[PDB]
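**Q** One structure, as structure tokens, below. Some questions next.
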Amino acid sequence: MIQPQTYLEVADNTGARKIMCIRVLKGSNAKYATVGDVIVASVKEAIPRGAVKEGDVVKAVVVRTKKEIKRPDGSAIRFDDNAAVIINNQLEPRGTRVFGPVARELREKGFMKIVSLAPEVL
Amino acid sequence: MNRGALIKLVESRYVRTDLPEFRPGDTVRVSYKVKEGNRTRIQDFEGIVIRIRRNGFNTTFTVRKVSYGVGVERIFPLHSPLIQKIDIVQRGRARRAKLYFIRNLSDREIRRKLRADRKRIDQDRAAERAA
Amino acid sequence: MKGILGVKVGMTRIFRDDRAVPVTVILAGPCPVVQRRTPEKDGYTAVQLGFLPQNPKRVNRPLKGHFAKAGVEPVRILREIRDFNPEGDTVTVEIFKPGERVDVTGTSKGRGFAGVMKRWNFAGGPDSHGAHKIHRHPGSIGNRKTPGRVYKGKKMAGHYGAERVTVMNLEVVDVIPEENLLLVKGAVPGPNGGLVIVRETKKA
Amino acid sequence: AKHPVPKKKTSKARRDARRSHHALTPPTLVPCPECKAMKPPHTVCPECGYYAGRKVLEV
Amino acid sequence: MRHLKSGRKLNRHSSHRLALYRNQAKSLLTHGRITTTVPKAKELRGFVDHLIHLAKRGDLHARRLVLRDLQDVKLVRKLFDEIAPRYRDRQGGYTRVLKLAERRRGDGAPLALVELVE
Amino acid sequence: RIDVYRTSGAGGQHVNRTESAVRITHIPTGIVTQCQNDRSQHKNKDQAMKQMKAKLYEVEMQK
RNA sequence: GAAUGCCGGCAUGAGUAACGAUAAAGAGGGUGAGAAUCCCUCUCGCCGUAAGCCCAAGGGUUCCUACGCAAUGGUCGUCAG
RNA sequence: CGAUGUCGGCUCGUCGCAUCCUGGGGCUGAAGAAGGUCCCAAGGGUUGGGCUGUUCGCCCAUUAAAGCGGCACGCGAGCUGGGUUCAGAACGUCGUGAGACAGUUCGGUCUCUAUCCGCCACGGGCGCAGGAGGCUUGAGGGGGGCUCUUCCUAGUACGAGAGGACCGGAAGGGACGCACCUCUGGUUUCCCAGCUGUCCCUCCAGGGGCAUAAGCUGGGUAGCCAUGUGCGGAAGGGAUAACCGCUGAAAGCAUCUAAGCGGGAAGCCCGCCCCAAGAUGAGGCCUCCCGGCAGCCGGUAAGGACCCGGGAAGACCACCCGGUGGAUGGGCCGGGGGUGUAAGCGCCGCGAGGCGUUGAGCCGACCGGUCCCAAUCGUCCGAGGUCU
Ligand SMILES: [Mg+2]
Ligand SMILES: [Mg+2]
Ligand SMILES: [Mg+2]
Ligand SMILES: [Mg+2]
Ligand SMILES: [Mg+2]
Ligand SMILES: [Mg+2]
Ligand SMILES: [Mg+2]
Ligand SMILES: [Mg+2]
Ligand SMILES: [Mg+2]
Ligand SMILES: [Mg+2]
Ligand SMILES: [Mg+2]
Ligand SMILES: [Mg+2]
Ligand SMILES: [Mg+2]
Ligand SMILES: [Mg+2]
Ligand SMILES: [Mg+2]
Ligand SMILES: [Mg+2]
Ligand SMILES: [Mg+2]
Ligand SMILES: [Mg+2]
Ligand SMILES: [Mg+2]
Ligand SMILES: [Mg+2]
Ligand SMILES: [Mg+2]
Ligand SMILES: [Mg+2]
Ligand SMILES: [Mg+2]
Ligand SMILES: [Mg+2]
Ligand SMILES: [Mg+2]
Ligand SMILES: [Mg+2]
Ligand SMILES: [Mg+2]
Ligand SMILES: [Mg+2]
Ligand SMILES: [Mg+2]
Ligand SMILES: [Mg+2]
Ligand SMILES: [Mg+2]
Ligand SMILES: [Mg+2]
Ligand SMILES: [Mg+2]
Ligand SMILES: [Mg+2]
Ligand SMILES: [Mg+2]
Ligand SMILES: [Mg+2]
Ligand SMILES: [Mg+2]
Ligand SMILES: [Mg+2]
Ligand SMILES: [Mg+2]
Ligand SMILES: [Mg+2]
Ligand SMILES: [Mg+2]
Ligand SMILES: [Mg+2]
Ligand SMILES: [Mg+2]
Ligand SMILES: [Mg+2]
Ligand SMILES: [Mg+2]
Ligand SMILES: [Mg+2]
Ligand SMILES: [Mg+2]
Ligand SMILES: [Mg+2]
Ligand SMILES: [Mg+2]
Ligand SMILES: [Mg+2]
Ligand SMILES: [Mg+2]
Ligand SMILES: [Mg+2]
Ligand SMILES: [Mg+2]
Ligand SMILES: [Mg+2]
Ligand SMILES: [Mg+2]
Ligand SMILES: [Mg+2]
Ligand SMILES: [Mg+2]
Ligand SMILES: [Mg+2]
Ligand SMILES: [Mg+2]
Ligand SMILES: [Mg+2]
Ligand SMILES: [Mg+2]
Ligand SMILES: [Mg+2]
Ligand SMILES: [Mg+2]
Ligand SMILES: [Mg+2]
Ligand SMILES: [Mg+2]
Ligand SMILES: [Mg+2]
Ligand SMILES: [Mg+2]
Ligand SMILES: [Mg+2]
Ligand SMILES: [Mg+2]
Ligand SMILES: [Mg+2]
Ligand SMILES: [Mg+2]
Ligand SMILES: [Mg+2]
Ligand SMILES: [Mg+2]
Ligand SMILES: [Mg+2]
Ligand SMILES: [Mg+2]
Ligand SMILES: [Mg+2]
Ligand SMILES: [Mg+2]
Ligand SMILES: [Mg+2]
Ligand SMILES: [Mg+2]
Ligand SMILES: [Mg+2]
Ligand SMILES: [Mg+2]
Ligand SMILES: [Mg+2]
Ligand SMILES: [Mg+2]
Ligand SMILES: [Mg+2]
Ligand SMILES: [Mg+2]
Ligand SMILES: [Mg+2]
Ligand SMILES: [Mg+2]
Ligand SMILES: [Mg+2]
Ligand SMILES: [Mg+2]
Ligand SMILES: [Mg+2]
Ligand SMILES: [Mg+2]
Ligand SMILES: [Mg+2]
Ligand SMILES: [Mg+2]
Ligand SMILES: [Mg+2]
Ligand SMILES: [Mg+2]
Ligand SMILES: [Mg+2]
Ligand SMILES: [Mg+2]
Ligand SMILES: [Mg+2]
Ligand SMILES: [Mg+2]
Ligand SMILES: [Mg+2]
Ligand SMILES: [Mg+2]
Ligand SMILES: [Mg+2]
Ligand SMILES: [Mg+2]
Ligand SMILES: [Mg+2]
Ligand SMILES: [Mg+2]
Ligand SMILES: [Mg+2]
Ligand SMILES: [Mg+2]
Ligand SMILES: [Mg+2]
Ligand SMILES: [Mg+2]
Ligand SMILES: [Mg+2]
Ligand SMILES: [Mg+2]
Ligand SMILES: [Mg+2]
Ligand SMILES: [Mg+2]
Ligand SMILES: [Mg+2]
Ligand SMILES: [Mg+2]
Ligand SMILES: [Mg+2]
Ligand SMILES: [Mg+2]
Ligand SMILES: [Mg+2]
Ligand SMILES: [Mg+2]
Ligand SMILES: [Mg+2]
Ligand SMILES: [Mg+2]
Ligand SMILES: [Mg+2]
Ligand SMILES: [Mg+2]
Ligand SMILES: [Mg+2]
Ligand SMILES: [Mg+2]
Ligand SMILES: [Mg+2]
Ligand SMILES: [Mg+2]
Ligand SMILES: [Mg+2]
Ligand SMILES: [Mg+2]
Ligand SMILES: [Mg+2]
Ligand SMILES: [Mg+2]
Ligand SMILES: [Mg+2]
Ligand SMILES: [Mg+2]
Ligand SMILES: [Mg+2]
Ligand SMILES: [Mg+2]
Ligand SMILES: [Mg+2]
Ligand SMILES: [Mg+2]
Ligand SMILES: [Mg+2]
Ligand SMILES: [Mg+2]
Ligand SMILES: [Mg+2]
Ligand SMILES: [Mg+2]
Ligand SMILES: [Mg+2]
Ligand SMILES: [Mg+2]
Ligand SMILES: [Mg+2]
Ligand SMILES: [Mg+2]
Ligand SMILES: [Mg+2]
Ligand SMILES: [Mg+2]
Ligand SMILES: [Mg+2]
Ligand SMILES: [Mg+2]
Ligand SMILES: [Mg+2]
Ligand SMILES: [Mg+2]
Ligand SMILES: [Mg+2]
Ligand SMILES: [Mg+2]
Ligand SMILES: [Mg+2]
Ligand SMILES: [Mg+2]
Ligand SMILES: [Mg+2]
Ligand SMILES: [Mg+2]
Ligand SMILES: [Zn+2]
């Protein structure tokens, strides 16, 4: 459950540390982004000399949510933070690696690069 | 009519009897059927059970682990056909039913607050002696 | 246009192809046909069905004469299924097969005198910033001198629920004949113990 | 609010028509099988103190 | 909505309602029969029956449970020694409510008697 | 593209229900200009044409 | 017949709003024509730098007792300033 | 002018069409895709945010689109009171001055009770020529009406290429709506446990009150809920709009039209969902009832009402279930569920405590069982059927 104003950890090494969602890219008025959804966000904190800098307006895909995610098999999964991987206009990761686990929901939505780069797919 | 027994009847066909008993606080390994592309495989999820929500067949439980630096919680239906098996890897003794509080605890504090449950461990060793 | 009378017993989920599917269990049969409506007699086609067995001691003489004329023991509820004429004298869950789609009619839960927010999802008012005793009020109900009245059908507070609701195109997940149980995917109007009607769906 | 007020005196007709629902219903009474006094049903008879054909109350 | 909610409020907050029942229970168990409003009487039954049922059990624990509500040692002595034996073969239904014919003058309240069964 | 709206600030009732302020935005140039001095919308629109002539005379001068 | 006229009487709103701190009541016994409301007993709650006690100002018999309940008491009243 | 409250916001909308999107179409300087322009079309939809009191406007990120207007530039006996229109104070300016400014600046009391119409709900009465218990027909009315992306067709038609379809299929979303509580997640006022201070019971142990109208904390069933689950927009049939035609004169040719016929929209009429015979035009079907003097009196029939135990029904009323030939509520019993190993005793420790007995004890609503308690006993209404 990500929405505008929501801060996300960025789980890549593009250099961004925290971004703030400013739109969820799912039609004209989606209220919330969940795992596998794309957002537009502002970069609020970033480490020096990264590929991205503070103030940049980026796109990202949500790879972890603190609101639990429900699966058709009746199970669910939930993480300690809300996290995203910053992407380009082709839904490809702008970083070389991704940190921490990511949700398997990513696979079916066409984020294979990210899924393979992740240390664990849960 | 007995509406409850009717529901119990419908549920009876889907009930599991092969899974071991555990309590909130135990450390458990859950072998889960997982789908990747066109194949199925087994993926193990091991962590502390922090909650068992009882409603007969509709019982579910929650397992928490730290994964590559990130807290993760999975909620499993106790009778899901997707669970290959559950392995008891350790018995912990808690003094309450819901262990939400461990979410805010260091690893050291968790280990301190959740002491090894020596009674239920000894019991385990008493079984696994087959005649 | 097949249909049967039933009672809502409760909800569960079953597992089907590694999927949890939510269901309401319905005790539908068995229903004796206690009168048939014909075009020649009644101007239309239907079957009056009975459900559940009733204590004769509570059934007055007029009802009894109606029961007696048909070959049937006294029953708690009589209801017609329109444009249905079963060949048999009794309708059971056997009329539905897993995979068929059904419309289910029941009486929704009553909320009694309901507010404009609960009834109609109105926005109410702010809970601070000076808002004065109108946190859950409807706001304006009109204009001014033109038209100087309130429209018929204005959404306002009043009784809500305990009314006939039909949910359409529900999947029959299972039917269990030895128990007269119907499993329908998803949610059915009304309380457990509630009386419902199950019909072949009008959706294509 | 702005202190709503009656626009017109209510006529004798309309006032009285409003009271068309105000008449009392007489109390519902049954004879007490013991002492035959009238009393409300499902209460202990206050006249002899019997209920369900047995003595309950001192009179 | 009150759907399937059990228990009366009796226009009292949590602790007053509690103190009401205890006090009435004390009163009932002392005199064996009291008069109260119909709703107070109806609500009272279950509360006292439970206390009596513990007295039928007789053990130290039950005595301590009942003591939480009744508070008075002597009354509980009476509960266990004198009252409890009369119900040893009776399973529940230790109290009885019967409605009175005349209402209270000042507020029209319908009254009832509540009494321990023989 | 002449825009009209209500004046801002003091005036009383005859400033709350009156669109007395004007704004003349030139479409190709992108130059905007407003006025709100006098109570009349067209005594202001007179001014806004005047000032608008001035802004184009500035730009065509700057070329 | 009118002066938002003057005085008095009686209506409408209406058996409607309200009955004036959310500190809280319950039972048994007595008195009495009449008792949720008066007396007594037990239980429960509230105050306790007071919601207890003493003094001054002001009030002016409200103090005590006996006999009473038309009116005063926002209900009742056998009780009472 | 013996008062018609004045901007903006909020809430709730409704209407118009000179249509922003979606649907249909003509022309195109229309290859394709994408546009431009005009015609039909008001069914539905028409985002979040930065700035400013702002309407307006600019900007950010999107979108199928971010339409324009009416309704006292809708809506203050519905809310707000930031802006304007009081009394204070200050700046700039004007005036010798008191003071003044469509100049600015900080501050500044928005009134519990709805009589009538209107509207949302719910009843009481009488009517529907005999009286009753059920089940219905649907005149009429309301609700609903949105849309995107991806894949297949097919990298085919078109095209130098870059690009890239019509038609027809398939999958998945956004917002909205109805219902629901299995799952997820809330609340859960005393369901359980832990804790402090104090007073008390009874000294220890064990408990009780109070700290809120739960003292605090950790949890928490049912119920009520969304963030959670299911389902809906249709399909299809009919008549049309613009438009495209077939046949075809007046007018030897020609013309979609003058006689005829056809195709053709998210629109209209049906279809779906809900209300509905006060539809006084009061409908239909099934069953039950049969003495005194177009009236009146009494006692009854079919049946109903009262009274009582109650209910995911409910403000009262109504509705629904049950009333001893009964499981309706309370108790009790079993299960579920919550809490999480009670008291007591024993053992270890100087002690705080620990361990065992023990998943113990307590235990609201849920699913049932059990006549133990209470629905005792009863009472009153209620046909005798208008005429051709
Ligand atoms: Mg956060
Ligand atoms: Mg910076
Ligand atoms: Mg910077
Ligand atoms: Mg990390
Ligand atoms: Mg159930
Ligand atoms: Mg082990
Ligand atoms: Mg451990
Ligand atoms: Mg750990
Ligand atoms: Mg199956
Ligand atoms: Mg209700
Ligand atoms: Mg409301
Ligand atoms: Mg609603
Ligand atoms: Mg709502
Ligand atoms: Mg709703
Ligand atoms: Mg709305
Ligand atoms: Mg809002
Ligand atoms: Mg608001
Ligand atoms: Mg709100
Ligand atoms: Mg205010
Ligand atoms: Mg408030
Ligand atoms: Mg009008
Ligand atoms: Mg209703
Ligand atoms: Mg479907
Ligand atoms: Mg006010
Ligand atoms: Mg009002
Ligand atoms: Mg007047
Ligand atoms: Mg009046
Ligand atoms: Mg009269
Ligand atoms: Mg009169
Ligand atoms: Mg309600
Ligand atoms: Mg209710
Ligand atoms: Mg409430
Ligand atoms: Mg109940
Ligand atoms: Mg009650
Ligand atoms: Mg209350
Ligand atoms: Mg009250
Ligand atoms: Mg309290
Ligand atoms: Mg207790
Ligand atoms: Mg009574
Ligand atoms: Mg001025
Ligand atoms: Mg003006
Ligand atoms: Mg005069
Ligand atoms: Mg004159
Ligand atoms: Mg006069
Ligand atoms: Mg006078
Ligand atoms: Mg008067
Ligand atoms: Mg009056
Ligand atoms: Mg009244
Ligand atoms: Mg009134
Ligand atoms: Mg009132
Ligand atoms: Mg009242
Ligand atoms: Mg009051
Ligand atoms: Mg009142
Ligand atoms: Mg007072
Ligand atoms: Mg009061
Ligand atoms: Mg009180
Ligand atoms: Mg007495
Ligand atoms: Mg006496
Ligand atoms: Mg007394
Ligand atoms: Mg105190
Ligand atoms: Mg002190
Ligand atoms: Mg003095
Ligand atoms: Mg004086
Ligand atoms: Mg004196
Ligand atoms: Mg005296
Ligand atoms: Mg007096
Ligand atoms: Mg008197
Ligand atoms: Mg008086
Ligand atoms: Mg007074
Ligand atoms: Mg006296
Ligand atoms: Mg005195
Ligand atoms: Mg005026
Ligand atoms: Mg006037
Ligand atoms: Mg609205
Ligand atoms: Mg047009
Ligand atoms: Mg179009
Ligand atoms: Mg075109
Ligand atoms: Mg084209
Ligand atoms: Mg055109
Ligand atoms: Mg439209
Ligand atoms: Mg419209
Ligand atoms: Mg529109
Ligand atoms: Mg906007
Ligand atoms: Mg703003
Ligand atoms: Mg603005
Ligand atoms: Mg601002
Ligand atoms: Mg502006
Ligand atoms: Mg932008
Ligand atoms: Mg206005
Ligand atoms: Mg104007
Ligand atoms: Mg106008
Ligand atoms: Mg306004
Ligand atoms: Mg108004
Ligand atoms: Mg007005
Ligand atoms: Mg203010
Ligand atoms: Mg101001
Ligand atoms: Mg200001
Ligand atoms: Mg003044
Ligand atoms: Mg000067
Ligand atoms: Mg001077
Ligand atoms: Mg002046
Ligand atoms: Mg001024
Ligand atoms: Mg101030
Ligand atoms: Mg000011
Ligand atoms: Mg106001
Ligand atoms: Mg009225
Ligand atoms: Mg009127
Ligand atoms: Mg009626
Ligand atoms: Mg007549
Ligand atoms: Mg119709
Ligand atoms: Mg009509
Ligand atoms: Mg319609
Ligand atoms: Mg291909
Ligand atoms: Mg091919
Ligand atoms: Mg197509
Ligand atoms: Mg297509
Ligand atoms: Mg769809
Ligand atoms: Mg939704
Ligand atoms: Mg549940
Ligand atoms: Mg739940
Ligand atoms: Mg939950
Ligand atoms: Mg719950
Ligand atoms: Mg308790
Ligand atoms: Mg407590
Ligand atoms: Mg309890
Ligand atoms: Mg201390
Ligand atoms: Mg204590
Ligand atoms: Mg003592
Ligand atoms: Mg102690
Ligand atoms: Mg105390
Ligand atoms: Mg207190
Ligand atoms: Mg506090
Ligand atoms: Mg709590
Ligand atoms: Mg919770
Ligand atoms: Mg939701
Ligand atoms: Mg959908
Ligand atoms: Mg023609
Ligand atoms: Mg056609
Ligand atoms: Mg169509
Ligand atoms: Mg459509
Ligand atoms: Mg009907
Ligand atoms: Mg109907
Ligand atoms: Mg009729
Ligand atoms: Mg009829
Ligand atoms: Mg009731
Ligand atoms: Mg009945
Ligand atoms: Mg009876
Ligand atoms: Mg029996
Ligand atoms: Mg029972
Ligand atoms: Mg029972
Ligand atoms: Mg358990
Ligand atoms: Mg222990
Ligand atoms: Mg122990
Ligand atoms: Mg020792
Ligand atoms: Mg139990
Ligand atoms: Mg039996
Ligand atoms: Mg009787
Ligand atoms: Zn008697």
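We name chains A, B, ... following the order of the structure tokens; residues begin at 1 in each chain, and ligands are numbered from 1 as shown.
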For residue 63 of chain B, please output as a tab-separated table (two decimals) with N, CA, C and O atoms, in the first residue's frame all residues within 10 Å (counting only C-alpha atoms (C1' of nucleotides); exclusion window: fewer than 4 positions along the same chain).
**A**
```
chain	number	residue	atom	x	y	z
A	77	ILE	N	2.57	-12.58	2.63
A	77	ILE	CA	3.92	-12.23	2.97
A	77	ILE	C	3.94	-10.74	3.27
A	77	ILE	O	3.15	-9.98	2.73
B	24	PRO	N	3.48	-20.77	19.61
B	24	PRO	CA	4.17	-19.50	19.38
B	24	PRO	C	5.51	-19.48	20.12
B	24	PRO	O	5.56	-19.85	21.29
B	25	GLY	N	6.59	-19.11	19.44
B	25	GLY	CA	7.90	-19.11	20.06
B	25	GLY	C	8.85	-20.18	19.55
B	25	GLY	O	10.07	-20.04	19.66
B	26	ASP	N	8.30	-21.26	19.01
B	26	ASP	CA	9.12	-22.31	18.41
B	26	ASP	C	9.77	-21.81	17.14
B	26	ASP	O	9.24	-20.91	16.49
B	27	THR	N	10.91	-22.40	16.77
B	27	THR	CA	11.50	-22.14	15.46
B	27	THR	C	11.19	-23.30	14.54
B	27	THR	O	11.46	-24.46	14.87
B	28	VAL	N	10.67	-22.98	13.37
B	28	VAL	CA	10.03	-23.97	12.51
B	28	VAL	C	10.50	-23.83	11.05
B	28	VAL	O	10.74	-22.71	10.58
B	29	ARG	N	10.64	-24.94	10.33
B	29	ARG	CA	10.99	-24.88	8.91
B	29	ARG	C	9.85	-25.40	8.07
B	29	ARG	O	9.49	-26.56	8.17
B	30	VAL	N	9.29	-24.53	7.24
B	30	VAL	CA	8.13	-24.91	6.45
B	30	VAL	C	8.50	-25.13	4.98
B	30	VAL	O	8.90	-24.20	4.28
B	45	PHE	N	11.04	-22.19	4.12
B	45	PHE	CA	10.93	-20.97	4.91
B	45	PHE	C	11.07	-21.27	6.40
B	45	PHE	O	10.21	-21.91	6.99
B	46	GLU	N	12.16	-20.79	7.00
B	46	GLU	CA	12.48	-21.07	8.38
B	46	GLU	C	12.51	-19.80	9.22
B	46	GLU	O	13.20	-18.85	8.86
B	47	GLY	N	11.80	-19.80	10.35
B	47	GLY	CA	11.74	-18.62	11.21
B	47	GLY	C	10.97	-18.90	12.48
B	47	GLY	O	10.62	-20.04	12.74
B	48	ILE	N	10.74	-17.87	13.29
B	48	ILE	CA	9.98	-18.05	14.54
B	48	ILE	C	8.49	-17.95	14.28
B	48	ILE	O	8.06	-17.08	13.51
B	49	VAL	N	7.69	-18.85	14.85
B	49	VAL	CA	6.25	-18.68	14.75
B	49	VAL	C	5.80	-17.69	15.84
B	49	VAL	O	6.01	-17.89	17.04
B	50	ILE	N	5.23	-16.58	15.39
B	50	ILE	CA	4.87	-15.51	16.30
B	50	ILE	C	3.37	-15.46	16.59
B	50	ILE	O	2.92	-14.69	17.44
B	51	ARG	N	2.61	-16.29	15.89
B	51	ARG	CA	1.16	-16.24	16.01
B	51	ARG	C	0.49	-17.49	15.45
B	51	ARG	O	0.79	-17.91	14.34
B	52	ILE	N	-0.41	-18.07	16.23
B	52	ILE	CA	-1.31	-19.09	15.70
B	52	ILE	C	-2.74	-18.63	15.94
B	52	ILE	O	-3.17	-18.46	17.07
B	72	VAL	N	10.95	-10.47	7.47
B	72	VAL	CA	9.91	-10.99	6.60
B	72	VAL	C	8.95	-11.83	7.44
B	72	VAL	O	9.38	-12.58	8.31
B	73	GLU	N	7.65	-11.69	7.18
B	73	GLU	CA	6.65	-12.54	7.82
B	73	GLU	C	5.77	-13.25	6.77
B	73	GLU	O	5.24	-12.63	5.85
B	74	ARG	N	5.62	-14.55	6.92
B	74	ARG	CA	4.75	-15.32	6.05
B	74	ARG	C	3.58	-15.82	6.88
B	74	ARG	O	3.78	-16.21	8.03
B	75	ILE	N	2.38	-15.75	6.33
B	75	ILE	CA	1.23	-16.34	7.00
B	75	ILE	C	0.78	-17.57	6.23
B	75	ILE	O	0.47	-17.47	5.04
B	76	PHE	N	0.73	-18.71	6.92
B	76	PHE	CA	0.39	-19.99	6.31
B	76	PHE	C	-0.92	-20.53	6.84
B	76	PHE	O	-1.15	-20.51	8.04
```
**Q** If we count only C-alpha atoms (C1' of nucleotides) and set the cut-off at 6 Å, which residues sit around segment 171-184 of chain C, ignoring sequence neighbours fewer than 2 positions away in its own chain? Please answer as an NGL selection string.
**A** :C and (23-29 or 93 or 98-101)
**Q** Nearest to chain H: which of C:88, C:39, C:110, C:3 is it, counting only C-alpha atoms (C1' of nucleotides)?
**A**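 Counting only C-alpha atoms (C1' of nucleotides), the residue closest to chain H is C:110.
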**Q** So which residues of chain E fall under strand (DSSP E or B) by DSSP, listed as a PyMOL selection string?
**A** chain E and resi 33-37+95-100+111-116
**Q** Go ahead and write the selection's residues with N, CA, C and O atoms as a PDB file, in the first residue's frame.
**A**
```pdb
ATOM      1  N   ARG E  33     -34.968 -14.239  48.741  1.00  0.00           N
ATOM      2  CA  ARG E  33     -35.941 -13.673  47.819  1.00  0.00           C
ATOM      3  C   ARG E  33     -35.876 -12.164  47.891  1.00  0.00           C
ATOM      4  O   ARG E  33     -35.918 -11.600  48.989  1.00  0.00           O
ATOM      5  N   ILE E  34     -35.780 -11.512  46.734  1.00  0.00           N
ATOM      6  CA  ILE E  34     -35.846 -10.045  46.677  1.00  0.00           C
ATOM      7  C   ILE E  34     -36.827  -9.574  45.610  1.00  0.00           C
ATOM      8  O   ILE E  34     -37.232 -10.334  44.733  1.00  0.00           O
ATOM      9  N   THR E  35     -37.221  -8.315  45.702  1.00  0.00           N
ATOM     10  CA  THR E  35     -37.962  -7.680  44.632  1.00  0.00           C
ATOM     11  C   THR E  35     -37.068  -6.664  43.916  1.00  0.00           C
ATOM     12  O   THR E  35     -36.365  -5.890  44.564  1.00  0.00           O
ATOM     13  N   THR E  36     -37.052  -6.696  42.587  1.00  0.00           N
ATOM     14  CA  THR E  36     -36.327  -5.686  41.802  1.00  0.00           C
ATOM     15  C   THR E  36     -37.116  -5.460  40.520  1.00  0.00           C
ATOM     16  O   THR E  36     -38.208  -6.018  40.375  1.00  0.00           O
ATOM     17  N   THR E  37     -36.575  -4.655  39.598  1.00  0.00           N
ATOM     18  CA  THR E  37     -37.244  -4.384  38.336  1.00  0.00           C
ATOM     19  C   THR E  37     -37.151  -5.642  37.519  1.00  0.00           C
ATOM     20  O   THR E  37     -36.226  -6.421  37.706  1.00  0.00           O
ATOM     21  N   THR E  95     -32.406 -20.384  40.424  1.00  0.00           N
ATOM     22  CA  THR E  95     -33.137 -19.169  40.757  1.00  0.00           C
ATOM     23  C   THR E  95     -34.351 -19.078  39.879  1.00  0.00           C
ATOM     24  O   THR E  95     -34.448 -19.755  38.860  1.00  0.00           O
ATOM     25  N   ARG E  96     -35.284 -18.233  40.285  1.00  0.00           N
ATOM     26  CA  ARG E  96     -36.538 -18.118  39.575  1.00  0.00           C
ATOM     27  C   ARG E  96     -37.064 -16.681  39.629  1.00  0.00           C
ATOM     28  O   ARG E  96     -36.979 -15.999  40.661  1.00  0.00           O
ATOM     29  N   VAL E  97     -37.598 -16.228  38.503  1.00  0.00           N
ATOM     30  CA  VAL E  97     -38.140 -14.885  38.390  1.00  0.00           C
ATOM     31  C   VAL E  97     -39.629 -14.928  38.099  1.00  0.00           C
ATOM     32  O   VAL E  97     -40.068 -15.604  37.169  1.00  0.00           O
ATOM     33  N   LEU E  98     -40.401 -14.209  38.903  1.00  0.00           N
ATOM     34  CA  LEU E  98     -41.840 -14.119  38.691  1.00  0.00           C
ATOM     35  C   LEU E  98     -42.285 -12.657  38.718  1.00  0.00           C
ATOM     36  O   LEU E  98     -41.931 -11.924  39.645  1.00  0.00           O
ATOM     37  N   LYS E  99     -43.065 -12.232  37.729  1.00  0.00           N
ATOM     38  CA  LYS E  99     -43.425 -10.823  37.644  1.00  0.00           C
ATOM     39  C   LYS E  99     -44.547 -10.418  38.621  1.00  0.00           C
ATOM     40  O   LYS E  99     -45.505 -11.166  38.827  1.00  0.00           O
ATOM     41  N   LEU E 100     -44.399  -9.248  39.242  1.00  0.00           N
ATOM     42  CA  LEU E 100     -45.400  -8.692  40.159  1.00  0.00           C
ATOM     43  C   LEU E 100     -46.452  -7.885  39.405  1.00  0.00           C
ATOM     44  O   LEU E 100     -46.163  -7.298  38.366  1.00  0.00           O
ATOM     45  N   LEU E 111     -42.100  -4.405  38.511  1.00  0.00           N
ATOM     46  CA  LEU E 111     -41.276  -5.096  39.489  1.00  0.00           C
ATOM     47  C   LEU E 111     -41.397  -6.598  39.299  1.00  0.00           C
ATOM     48  O   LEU E 111     -42.350  -7.088  38.679  1.00  0.00           O
ATOM     49  N   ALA E 112     -40.428  -7.330  39.836  1.00  0.00           N
ATOM     50  CA  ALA E 112     -40.491  -8.783  39.828  1.00  0.00           C
ATOM     51  C   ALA E 112     -39.874  -9.290  41.107  1.00  0.00           C
ATOM     52  O   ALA E 112     -39.103  -8.566  41.744  1.00  0.00           O
ATOM     53  N   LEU E 113     -40.211 -10.518  41.500  1.00  0.00           N
ATOM     54  CA  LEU E 113     -39.452 -11.158  42.568  1.00  0.00           C
ATOM     55  C   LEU E 113     -38.412 -12.101  41.968  1.00  0.00           C
ATOM     56  O   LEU E 113     -38.653 -12.709  40.925  1.00  0.00           O
ATOM     57  N   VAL E 114     -37.258 -12.186  42.626  1.00  0.00           N
ATOM     58  CA  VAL E 114     -36.222 -13.176  42.321  1.00  0.00           C
ATOM     59  C   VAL E 114     -35.985 -14.040  43.535  1.00  0.00           C
ATOM     60  O   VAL E 114     -35.662 -13.515  44.592  1.00  0.00           O
ATOM     61  N   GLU E 115     -36.070 -15.358  43.386  1.00  0.00           N
ATOM     62  CA  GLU E 115     -35.876 -16.218  44.544  1.00  0.00           C
ATOM     63  C   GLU E 115     -35.124 -17.494  44.241  1.00  0.00           C
ATOM     64  O   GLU E 115     -35.183 -18.030  43.127  1.00  0.00           O
ATOM     65  N   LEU E 116     -34.425 -17.978  45.262  1.00  0.00           N
ATOM     66  CA  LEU E 116     -33.771 -19.270  45.184  1.00  0.00           C
ATOM     67  C   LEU E 116     -34.838 -20.325  45.149  1.00  0.00           C
ATOM     68  O   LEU E 116     -35.808 -20.246  45.879  1.00  0.00           O
TER      69      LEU E 116
END
```
